[PDB]
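Chains as they are written, first to last, in PDB author numbering: chain D, 38 to 66, 71 to 101, 105 to 128, 142 to 361; chain H, 1 to 256; chain B, 34 to 349; chain C, 19 to 95, 98 to 332. For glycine and all other residues, C-beta sits at the position ideal for the given N, C-alpha and C.
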Ligand SMILES: Nc1ncnc2c1ncn2[C@@H]1O[C@H](COP(=O)(O)OP(=O)(O)OP(O)(O)=S)[C@@H](O)[C@H]1O
Ligand SMILES: Nc1ncnc2c1ncn2[C@@H]1O[C@H](COP(=O)(O)OP(=O)(O)OP(O)(O)=S)[C@@H](O)[C@H]1O
Ligand SMILES: Nc1ncnc2c1ncn2[C@@H]1O[C@H](COP(=O)(O)OP(=O)(O)OP(O)(O)=S)[C@@H](O)[C@H]1O
Ligand SMILES: [Mg+2]
Ligand SMILES: [Mg+2]
Ligand SMILES: [Mg+2]
């Protein structure tokens, strides 16, 4: 079994650092539940622990995601089919990615079935869910664990599984997947298969996390800082030939532009271009051309 | 409790085979005066009404009224297990939600017991507006069954027409039209074989044929069928269950 | 029970169809000589396709219309089995008609037949063309597979100009003696958008609900964003006055008009407007862009406000 | 227990509110046996399925209501037309004289071919079965089909009309509603009595008292002060410290960028700008919304929004 589930909480008041959610989940016998929070903060783990506490190990809850490709009708149809411990629990993941018209229909389905099934909407934004669904639900914020806790639990995992990783390795593991304990644990697991347990250096983490090294970002800014278009072509060609996706380059380039000492006008222009390039890439545009364009804008902004 | 002894269960079996395919489930309204069953099919176009008087049974005992909403398909499936000449005893306890059908043998060494599980049906007794019909055709049931089953091969709408000198059933369809006309017999060799048309005004109506074919599955019940009808009033197909009651199908006309 | 005016005043001969003088002229020629080809009449709704085919079939056959015509709507079973049995047995059926007359198989809503049905209909059209003629009707003339269009004359129908709808509306008013006024007739012609059956339905509904016909009353039964408000909003956007155009826009949004409706009316009003020409084109460009973005699903008031901001900043 | 959206349903035809013209015209249709096919369209929760149900209960009886009314939802399924609808419209009911009624809820989820079939069914049997279609987007309905039937736009309820019914509900129940809790309920409802009564009941049942804060916390709607704070960070701060502040607030409470952007648009129109600056803010915010509609990173779109406000 994967480590993302082998080390899940088995009880409600057991390890979940969030206190005001584990207290109410005892009285959960406001008909429905609504969890929201950043990804990988024990959203599904907590309700699964609550369901294994309430129902029991053999009494086994339909979990499906509301972001299906097959429309919304099949979702509510499956809920109806599952409808027929005086109730059953259905879990809706990514419930914020439902359009308002699809939440209206899920509202009708969940309010006509409000006698035998309890719902749990798991999302990352409570504002995306419309006011009927939230008004029928009881909200619960899930805040990520503190950085030190993250490293603590990761060391606990690495000692329970005998994975020889440096402490700076753990620091970089939690830094490379920011505040995402699920992602950090999955990386720790899938980065020890990649070595056979001999040694897990930060290069393996940087490769698995898909993070382009900060050297290449500094090279991109060194080229666009002052130089002809040939340097931009060269650095972009080298960055594409390395395999690094353009999404990661745009992400890290934005992260560097925002929290540096560029002017407000320059930051504004560069970030507008970053957003446009990000949409262009999300629309299937070609990475080389979009990166060339973005670098041309950044160059005409910095060089001036 | 409901304890009724029918000497020949063939009557009950034929009734169930006449109602089986028109209506799926019905509310047998048992009373101290007889047995009734008034219900309309799933399409609300035809209304079957069965009545079995008390005197037709051998020992009919009913002390309290009952409404046993039996599933007619399952009831006929159970009735099939009975023999052709068996004595059939229906027994419904004061309140037990099960109907005991006891198929005795014709004085032999076989007794069958069945406990058909009833179901709760929301009884509804719609009023049947008593009315005076302008034409009453009485004809051998075999002829009406043949006529409907024949014209069903041509078209799905029979135009029944009552003149004075005979009744004609017309039909039309892709492969042409055909009309069967019967004249009232004057020298009735057998009172069964006669075709008697009590006509008070010439009428002409149109009816669907799926439903007339559903009606004609009660032909083993009686040899003579009575088609009574008037204008803008549902036609009435009546089969007289001998000396114990009747089975009466109402059918609403066809539009256009 | 009295039947509506859409039927009480249905033209019973091709001299009374006001739709498309050229195509109806062709069809009158065919009703005169008598050897029609398989015709596919295609065009927008309400313009007189079913009526034209029915009047043509009547004028051709005459009293044998009950015996020589087979109509199959969209509400009839028209699978491959019906096409292979009923339509074929009708094509093969013998009916004796005058010299140049043929049986007619009217397949209304021909764009609703599945491909298998049309494939099964091809050779029936082709073989029995010596005694059977087909007359299909459709709106989307590309829903009919190509081999069926290859054996039919594709007669195109177009929307009706406002003058034709006005003539027929006056012919009906004269017969019904409904009290009217010019603004009411202009309102009906604006809400019709060419559909000659929509216009008659709106006329009858307005007359039956209220009687007198005036624009105030026409927009009480149709009830779409009054074109005067949209004209005023576009005018404020011409003077580069965003804060006064967003006023009208939020007013329209308060009454719950769906943004598709608001854009439909804004387009239909900005097309026949009184701006310059280059400026009108620069406006229609942006309105089309925003219509694309709303049909795609981004239908919030922010997109309408952004459209207003672009329209304003086109004129500096 | 029993929801208030059902306990206070208008049982008669006059208990409907805010549609007196439409209600009077339908009542006149009923009195004169001139009832045409009806097309009731408008935003949710405005009183469509209640208007036609009151009209039905006024037209038939309660025992004729199973054999002469076909209440059919159109979102379950071209086969539904030639199936139960054509078999319901073409056949008479045995002993009852009069037309039938077919009520197609959500009549705009029907494919266009199904609407062609249904239009022919309607056109054919128009004197023994009256159709009543019900939809939210009249634009989704084929112009052919809509032509057939008279159309009624059930717009949203203005707050003056709908406040008396809420006051009657409050007095009949026991709800300690503040003088602005009614206002923050009317505002969040946005003119559909169903959502207003639902929000009111759920908040009164969850917290025990309704006010301008309790309803805003029960529905998770972004408070006005928070959006004012965000606009202040954008308008009167450095780029980076605004990015930091806005991101911290956006992750503190559950807040996406769509809602931030909507409320910030309303504020851009509220507060005073030189009227040549809000043309820029409006353009850029309407582009950021389109960019977010395609599934992009919100960390680069939020920064784009701050860039848009940094015209000042
Ligand atoms: N507060 C917490 N208490 C206990 N375990 C935690 C906590 N946060 C994270 N975890 C662990 O991290 C793992 C992932 O938690 P999940 O509930 O799967 O996160 P998530 O909400 O599913 O993120 P998604 O599904 O990608 S949106 C579990 O195996 C837990 O062991
Ligand atoms: N060109 C026309 N001239 C006169 N009356 C017309 C014309 N077009 C439509 N009508 C009227 O509108 C009614 C319906 O028109 P139809 O012939 O049904 O149009 P249609 O082409 O069938 O529209 P569809 O089938 O919905 S695409 C007729 O009964 C006429 O009264
Ligand atoms: N005009 C009104 N008068 C009284 N109560 C109303 C009115 N409009 C809505 N309601 C209430 O709101 C509830 C829902 O109204 P509905 O008629 O069901 O709205 P709706 O048009 O059916 O919305 P849909 O079906 O989702 S488009 C009813 O149970 C009523 O209690
Ligand atoms: Mg999860
Ligand atoms: Mg037509
Ligand atoms: Mg409704």
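Exposed unless 16 or more other CB atoms sit within 10 angstroms - verdict on residue i
{"i": "residue 342/B", "result": "buried"}
{"i": "residue 333/D", "result": "buried"}
{"i": "residue 86/H", "result": "buried"}
{"i": "residue 111/C", "result": "buried"}
{"i": "residue 82/B", "result": "buried"}
{"i": "residue 62/B", "result": "exposed"}
{"i": "residue 215/B", "result": "exposed"}
{"i": "residue 161/B", "result": "buried"}
{"i": "residue 89/B", "result": "buried"}
{"i": "residue 188/C", "result": "exposed"}
{"i": "residue 290/H", "result": "Nothing about residue 290/H can be read from this structure; chain H reaches only from 1 to 256."}
{"i": "residue 327/C", "result": "buried"}
{"i": "residue 272/C", "result": "exposed"}
{"i": "residue 65/H", "result": "exposed"}
{"i": "residue 142/B", "result": "buried"}
For residue j and residue i, believed in contact at Cβ under 8 angstroms, the rounded distance
{"i": "residue 77/D", "j": "residue 276/C", "result": "Actually they do not touch by this definition, with Cβ atoms about 10 angstroms apart."}
{"i": "residue 187/B", "j": "residue 73/B", "result": "5 angstroms"}
{"i": "residue 205/B", "j": "residue 233/B", "result": "7 angstroms"}
{"i": "residue 148/H", "j": "residue 203/H", "result": "Incorrect: roughly 18 angstroms between the Cβ atoms, too far for contact."}
{"i": "residue 255/C", "j": "residue 316/C", "result": "The pair is not a contact, with the Cβ atoms about 24 angstroms apart (cut-off 8 angstroms)."}
{"i": "residue 143/C", "j": "residue 168/C", "result": "7 angstroms"}
{"i": "residue 196/D", "j": "residue 55/D", "result": "Incorrect: roughly 13 angstroms between the Cβ atoms, too far for contact."}
Beta-carbon proximity check, residue i vs residue j, cutoff 7 angstroms
{"i": "residue 141/C", "j": "residue 108/B", "result": "yes"}
{"i": "residue 46/H", "j": "residue 251/H", "result": "yes"}
{"i": "residue 12/H", "j": "residue 76/H", "result": "no"}
{"i": "residue 128/B", "j": "residue 168/B", "result": "no"}
{"i": "residue 140/B", "j": "residue 93/B", "result": "no"}
{"i": "residue 241/D", "j": "residue 261/D", "result": "no"}
{"i": "residue 71/H", "j": "residue 119/H", "result": "yes"}
{"i": "residue 93/C", "j": "residue 129/C", "result": "yes"}
{"i": "residue 311/D", "j": "residue 320/C", "result": "yes"}
{"i": "residue 84/C", "j": "residue 212/C", "result": "no"}
{"i": "residue 231/D", "j": "residue 209/D", "result": "no"}
{"i": "residue 89/H", "j": "residue 115/H", "result": "no"}
{"i": "residue 193/B", "j": "residue 175/C", "result": "no"}
{"i": "residue 157/B", "j": "residue 119/B", "result": "no"}
{"i": "residue 335/D", "j": "residue 307/D", "result": "yes"}
{"i": "residue 93/H", "j": "residue 1/H", "result": "yes"}
Continuous beta strand (DSSP E) stretch holding residue i: start and end
{"i": "residue 84/B", "result": "Looking at the DSSP string, residue 84/B is not in any beta strand (DSSP E); the run it does join, the alpha helix (DSSP H), is 82-94."}
{"i": "residue 173/H", "result": "167-173"}
{"i": "residue 169/C", "result": "Where residue 169/C is concerned, there is no enclosing beta strand (DSSP E), given that its DSSP letter is neither H nor E."}
Continuous alpha helix (DSSP H) stretch holding residue i: start and end
{"i": "residue 232/H", "result": "Neither: residue 232/H is in no alpha helix (DSSP H) and is coded neither H nor E."}
{"i": "residue 65/H", "result": "Premise fails: residue 65/H is in no alpha helix (DSSP H) and is neither H nor E."}
{"i": "residue 187/C", "result": "179-192"}
{"i": "residue 93/D", "result": "84-95"}
Residues that residue i bridges to, as DSSP identifies them
{"i": "residue 142/H", "result": "Paired residue(s): none; residue 142/H is not in a bridge."}
{"i": "residue 150/D", "result": "109/D, 179/D"}
{"i": "residue 2/H", "result": "92/H"}
{"i": "residue 113/H", "result": "102/H"}
{"i": "residue 250/C", "result": "Its beta-bridge partners do not exist; DSSP assigns none."}
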